[PDB]
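Here's the structure, in structure tokens; my notes come after.
Order of listing sets the numbers, starting from 1, for every ligand and every atom in it. In what follows, every chain begins at residue 1, and chains take the letters A, B, ... in the order their sequences are listed.
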Amino acid sequence: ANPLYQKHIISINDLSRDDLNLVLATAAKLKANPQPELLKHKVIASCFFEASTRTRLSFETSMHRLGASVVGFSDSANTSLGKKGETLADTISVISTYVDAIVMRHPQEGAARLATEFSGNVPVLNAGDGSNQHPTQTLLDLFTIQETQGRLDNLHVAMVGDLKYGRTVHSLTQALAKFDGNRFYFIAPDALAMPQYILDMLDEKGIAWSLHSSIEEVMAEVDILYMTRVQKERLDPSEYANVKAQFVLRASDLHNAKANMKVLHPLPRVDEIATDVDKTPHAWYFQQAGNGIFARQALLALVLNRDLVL
Amino acid sequence: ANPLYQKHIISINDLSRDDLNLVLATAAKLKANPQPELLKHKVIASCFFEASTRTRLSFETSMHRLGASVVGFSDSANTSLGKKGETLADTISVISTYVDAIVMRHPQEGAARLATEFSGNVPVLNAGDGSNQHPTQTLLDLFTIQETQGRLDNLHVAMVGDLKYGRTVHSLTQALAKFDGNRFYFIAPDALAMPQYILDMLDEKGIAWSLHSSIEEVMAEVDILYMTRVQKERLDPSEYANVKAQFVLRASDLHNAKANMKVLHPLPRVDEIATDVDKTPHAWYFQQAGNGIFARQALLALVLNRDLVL
Amino acid sequence: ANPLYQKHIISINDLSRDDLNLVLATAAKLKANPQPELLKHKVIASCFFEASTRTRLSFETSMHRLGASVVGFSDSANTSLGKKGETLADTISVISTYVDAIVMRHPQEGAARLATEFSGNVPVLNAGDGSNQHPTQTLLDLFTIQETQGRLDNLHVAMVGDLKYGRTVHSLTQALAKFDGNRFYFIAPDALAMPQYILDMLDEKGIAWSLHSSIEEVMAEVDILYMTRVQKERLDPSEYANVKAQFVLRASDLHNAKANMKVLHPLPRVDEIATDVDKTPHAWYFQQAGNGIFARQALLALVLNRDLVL
Amino acid sequence: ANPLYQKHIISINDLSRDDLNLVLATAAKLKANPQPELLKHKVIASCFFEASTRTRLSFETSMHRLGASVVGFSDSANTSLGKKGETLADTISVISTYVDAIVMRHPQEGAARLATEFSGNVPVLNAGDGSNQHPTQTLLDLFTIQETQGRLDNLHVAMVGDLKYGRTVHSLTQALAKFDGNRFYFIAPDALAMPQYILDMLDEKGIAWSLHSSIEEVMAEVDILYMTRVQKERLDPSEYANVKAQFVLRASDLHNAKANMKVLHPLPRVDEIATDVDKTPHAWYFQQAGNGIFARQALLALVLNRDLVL
Amino acid sequence: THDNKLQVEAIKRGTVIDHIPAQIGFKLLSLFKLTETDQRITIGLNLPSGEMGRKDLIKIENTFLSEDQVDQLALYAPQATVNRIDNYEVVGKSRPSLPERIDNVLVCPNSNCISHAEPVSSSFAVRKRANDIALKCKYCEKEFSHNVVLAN
Amino acid sequence: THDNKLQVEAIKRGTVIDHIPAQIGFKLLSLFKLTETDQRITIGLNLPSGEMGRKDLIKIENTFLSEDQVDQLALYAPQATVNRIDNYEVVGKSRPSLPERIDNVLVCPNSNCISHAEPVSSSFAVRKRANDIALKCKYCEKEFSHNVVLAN
Ligand SMILES: Nc1ccn([C@@H]2O[C@H](COP(=O)(O)OP(=O)(O)OP(=O)(O)O)[C@@H](O)[C@H]2O)c(=O)n1
Ligand SMILES: Nc1ccn([C@@H]2O[C@H](COP(=O)(O)OP(=O)(O)OP(=O)(O)O)[C@@H](O)[C@H]2O)c(=O)n1
Ligand SMILES: [Zn+2]
Ligand SMILES: [Zn+2]
């Protein structure tokens, strides 16, 4: 069987460079040649203990594009299985007797890894677990970087915003760090700086990274400008006002950008990317979101289809 | 057509011994030889006026495993059809013009029987109606008892917990009472004793039953130990504390159990079955939940497929 | 100083027969001779961690009738002094440095008792603590009995409704059990019977009590017919209907009642006392409530003034 | 008339060193000699647009201790005077035609200041306006320091916890900076450091301050150890755990504390001060709260009476 | 009970909790924080006793128990024997009497009791009755059978 | 075997943990349930080591410890020695080696971790950082100084 067959997909740290490449190559193939009956007769649980309309829809569309059936639920403002009474363990124990795989998002860190210990032969894909992992968002980001840059090595990548709390920029960093020669530029307010452990990780791998006050300092040499939402509640309103300028993008900030540079944002943008950036050839946040279906399809295909007939 | 073709499934009391057997035999067959296209092109309404994630998912998975399409809704915290304005009668009248069958759960007793009077040729399966019936839970319980005991006659069955209010133990009792030689052991706190009408029913049928303070009094001779959740809100916190011990299970309580004895629980357990019971060969509450899909599939198959080609 | 000066009022089990007579004697005096300035300059905290409009208005009115100022709050979906985090101990250590006395109602048993351990020299008066005590309701009930019957000894007292869960009837039974020759009639569905611990207490003191199916059986001899509210939310709709019928009081039932007989009810009533009873000379539930004012004034005066020149 | 007669009390930046001494001198007098009738016939509005039980009870008690009547409200999920539509300006123009003074707390910065522009001749006292000011908390803190230390000059003051977001420590630092020879010790996680603007203010006046990793480093010399609550809701659960450890105060840490040393905390505490500290002679947080009564009485008396024959 | 195999040396001043019904020893040491001291301690877990099969034994030095601290062992090691010792001599020997009040160690069964979330010590009035001990919580005033309170 | 000038005890077969630091003995019997075993266990606390002054010491009868179980002892009591004693003669003196995985006894400090309300065993990743061993939770993948984890 393929390397990911029947495997859980919990953390980017459990995925190798080869794994990442296998998912992206598979995703490229499905995008090019769709296979609407591949998972015909499979039944997938779309379990959003924590609601996330954008992520849930993306994932369910990928299930359907492969022809699988879907059962599930969103926001567990209570739920009689996995929060108010029953342990998550029992919820999965029950759910694993009904479906072929479980896609789940939860507000607590480690939720997906815990499910894995009670799902038996049923694979669990992590759609987000507190401030820990969000594997499929990173696969969609990398596939998006690889497709528009031709590669995932020797790239100049700028990350902007809340580098402190964004689980998404933490994973993208780790994933890009499994490749070679990537150079990182971290632009964030001091109160939201990229964590020391991420920086230390990079130092051991001998990867280059620097800190900058604003986008313009590096705009002329970046291949990917990855923007993140700065959660307004994090900061004090006045603090937020005194610092947001350094972390928002307008099209006039793009005069230096390389013709190949793409702007990504896991969305929602709104406070960080002005809508005038939308029409430029650099805006790629919507195409990025679109790529989520090909990355998510790849993943379901690989984990559920023994011999992936690519 | 088969005996249940196009029939409503409202109460265990409307189901004969033969009916119960026909469902279980059908369920055994589908478990053994799946038929993913059996209800291809059927469209089923999964109407949970009262939310119940575990029960809804079980049921929808069964619809998909037979290949039917599903439309529906959960928790009617309002709903513009069936609670705040429109009568349930009008809601069903409308819904019966769209689907091939209606699976419904409602907080009021008699809801499913009422729907039956407005659904025309559209079959209605009761997924739970207040403290009245829960037919499919009982079919899943019996299929589970029959499969692990080889039969549904001459069995020693213990029921524990809230025998007073548990609609589920009331139905299982009635169903098991349609078979012969079953012996019942009722273990519950006096404030939650098995109702007199159930006891009277049993007396007329000449079925043997006794009351006990705790599990150990009968542990060495039971084939099925059916545990139920004692709703904490029912009792006064101190009252609950003074009596719960007599109604909870730990693995050390299993030293006497017959090798063939299985512990069932319609779930959630949590306050009544310790997790050390999980690893014993007696724990069968998760396999029981898993059997819900085969019993529910059987039922949809029988009611929607004229000639059930078993 | 009087025996109740600077004492906490937490439980009926802490009050002696003389304490009770002292409170009722002070009540009759304040009722006959108001001292609207007795507590001028005293500030009292009306802390209803558990909202209770009828009890709070009664208690606050009593405070004002003696000339004291009041500060406080109700419920905790609005309050920011314990809603999630700060201990009740800290809330009391703070409040007791502001006020001269604390009146409090709380959802957990023992909260008033815990408060006395942190209020230093500030008296704590329990306006109800979960299912444990409600001493001022008992004092008002006893003031009403003494006032309409002229004694608390040798009375025929019937208690109707939910005797199992009513903290009010348990308390009144304990209080009356401190006097002599009282006889009790308990009329309640078996599901809501007066608890064995109360019956034990009674047997132990040689106090006669007996159960009866209807008020009819005791009417000719009753001095006080004390009706309680049936906690429906605890029962089954069908159950509550099946028995409520024999614990509802109608004007026609007072046919053979003694001239001195009084109907009491801590309120609110609804399905236990028909409105037609209101016009008879026996209805004394609203007079009972008006007496909470004199009972609570007495308790405040006794606790805050050394000697009452009443 | 006294210098604070008919003046608004909105910000510590508006009060001079003499203003502060005047308020604390009046506080000691009212504490030693109560004037329970000073404000009889005055009606004061206790407007908590933002609910705050501890502050409101404190302020209302002070009002009553001087003999004034009170009217008001809390929160705005109940209130119908601004919940959605009417401006704060109109709400004040109305209320100021009813009362003699307005005490108000509001979620937006500047609300008290805006109120003075619409209250005509009615004094506005700020009980807190978002993250800006909380002047009476500062006055109570200063009264407590002056009272336990006998001065406000030449003190060693340590501040611990969240110095970044606590409006209370910013204010106290500004107030103390109006006196001479005070020295500050700031102990806080780098993520919650005392803001540069406060440090600038200090350097500018030649006031010494220094950062320290633990209380241990300053204990021998501290006169006032002022602990703040850590706004956890702002941090990451993992983050808050990782540092909270070094900003929690235990009874054993007071080992080498000076005899005059006092521990303050605006409250509520929870994870910053262990209960074992409560019994030591240094715990003065509950005494600090009781002083809010004298500080707030002083402020009301000064603002509403021309000359205090105190 | 002696041991003709390997006897643990005596000591001058201290206490000896003998007849500890094995698998109750360590518990006694936990519940009552007996190891939170610097004094010399010597434990004996699961040992030979002709008058009950097996038994634990705790020895604490330069430490004594009032008749009450000894009564606190009642519910756990009722047939124990506390031995007061000095100048190597068993100068004192008391047995656990059922106390009228048990504090700090029990946990109220009532999940709605105020004692659980608060900085207070549990406290129960002890009352003996045929077949069990009735324990009444100081806070919630509910009374429970000791089998429920001690209930693990 | 524990002699000075009087009565001394010893075990036939079983293991023997020696030289446990100050009041870590009780904690080790706590965490690792060294007394759950109903064998002849014997403990010494605050004992007079001389070659230190004080220390704790344990000993289990009819029980043996793998070089593995002997590793979990490194965080609370680094230097020591467990001893297998078959035939009254210690046939083995090993040492607790810092392990890679610490299970069941630690509590993850992250309050949002899924490990708290669930039927799982804690699990961390051991990794010393210039003396300040870092612990990484298997579930939430967060890492804390061992000082924070052990604090609770
Ligand atoms: N200096 C001493 C003196 C006495 N003990 C212990 O105190 C208990 C006293 O036992 P003993 O006086 O001989 O009476 P018993 O025969 O044990 O009968 P009982 O167990 O009921 O006391 C024994 O554990 C003994 O070892 C001790 O350890 N050190
Ligand atoms: N049957 C036995 C034999 C030995 N021991 C214990 O084994 C421990 C260690 O003794 P040993 O290593 O043989 O000699 P040591 O002097 O302890 O070596 P070291 O200086 O390293 O401790 C001692 O507590 C001894 O009492 C025991 O409890 N039972
Ligand atoms: Zn209690
Ligand atoms: Zn964790």
- Item | Qualifying salt bridge (charged side-chain N to carboxylate O under 4.0 Å, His left out) pairs with a residue from residues 133-148 of chain E, counting only residues at least two apart or across chains | C:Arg113-E:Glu141, C:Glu117-E:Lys138, E:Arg127-E:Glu143
- Should F:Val70 and F:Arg95 count as side-chain neighbours, where that means a heavy-atom distance under 4.5 Å? no
- Item | Neighbouring protein N, O or S atoms of the Zn ion (ligand 3) [cut-off: under 2.8 Å, no waters] | E:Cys108 SG, E:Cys113 SG, E:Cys137 SG, E:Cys140 SG
One line per pair, note the atom names and distance for all nitrogen or oxygen contacts under 3.5 Å between ligand 2 and the protein.
unit_1, atom_1, unit_2, atom_2, d
ligand 2, 1 (N), F:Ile11, O, 3.1
ligand 2, 21 (O), F:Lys93, NZ, 3.3
ligand 2, 24 (O), F:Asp18, OD2, 2.9
ligand 2, 28 (O), F:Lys59, NZ, 2.7

- Item | Salt bridge flag under 4.0 Å for residues F:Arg101 and F:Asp103 | yes
- Message: Distance alone, cut at 3.5 Å: any donor-acceptor contact between the side chains of C:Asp200 and C:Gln196?
- Response: yes
- Return yes if a side-chain donor-acceptor contact under 3.5 Å exists between C:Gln108 and E:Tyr139, otherwise no. no
- Which pairs with one or both residues in residues 5-19 of chain F pass salt bridge (charged side-chain N to carboxylate O under 4.0 Å, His left out), sequence neighbours excluded? F:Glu9-F:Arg40
- Query: F:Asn62 and F:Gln39: side-chain donor and acceptor closer than 3.5 Å?
  - Reply: yes
- Flag for D:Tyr240-D:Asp271: side-chain donor and acceptor within less than 3.5 Å: yes
- Message: For the residue pair A:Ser131 / A:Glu109, report whether a side-chain donor-acceptor contact shorter than 3.5 Å exists.
- Response: yes
